[PDB]
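Ideal geometry is used to build each Cβ from the backbone, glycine not excepted, and the neighbour counts take in all protein chains shown. Bear in mind that the values in this text are calculations on the coordinates, not laboratory data.
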Amino acid sequence: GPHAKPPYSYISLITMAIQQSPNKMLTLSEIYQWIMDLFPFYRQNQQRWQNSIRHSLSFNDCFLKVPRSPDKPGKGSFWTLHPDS
DNA sequence: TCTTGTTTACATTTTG
DNA sequence: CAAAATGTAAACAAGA
């Protein structure tokens, strides 16, 4: 590909996306979109890295996971940052 | 169904 | 390097 892999880890990409969000939380697709909008490199192999992103969210304890919900449902759950920074 | 999450198991890269 | 983090790959579960 014509573009270099951005110097940010998946954790850094997810973290930047959530912080810069107005609610300090994002959905899975919102994180997907954020990364792809900014970095053309991730407009390919989306099967691969989106899987690694989903893995990154479930693996790292710095990522919750906030129910929507009952009012305005509903796709997936919001992901945000643990106050432990 | 697909998308969204979780978990396992292994690889690869980064760093002290 | 060797340990520590990060990434890949695969399976299933859960749910709108």
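For this structure, a couple of remarks:
- Taking every alpha-carbon pair under 8 Å whose residues sit at least 6 apart, chain A reaches a relative contact order of 33 percent.
- J(HN,Hα) series, segment A:3-13, from Karplus relation 6.51 cos²θ - 1.76 cosθ + 1.60, nearest Hz, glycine and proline x: 10, 8, 5, x, x, 10, 6, 4, 4, 5, 5
- Calculated diffusion of chain A, Stokes-Einstein form, Kirkwood radius summed over Cα pairs, 37 °C and 0.692 mPa s, µm²/s: 244 µm²/s
- Under the Karplus curve 6.51 cos²θ - 1.76 cosθ + 1.60, θ = phi - 60°, whole-Hz ³J(HN,Hα) for segment A:43-53, x wherever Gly or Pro sits: 9, 9, 6, 5, 4, 5, 6, 5, 5, 5, 5
- Here segment A:20-54 is scanned for amide nitrogen atoms under 18 Å from the site 7 Å beyond the Cα of A:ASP71 along Cα-to-Cβ, giving A:22-27.
- Selected from A:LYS65, A:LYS75, A:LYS24 as most flexible by GNM, with chain A as the system and alpha-carbon contacts under 10 Å: A:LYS75
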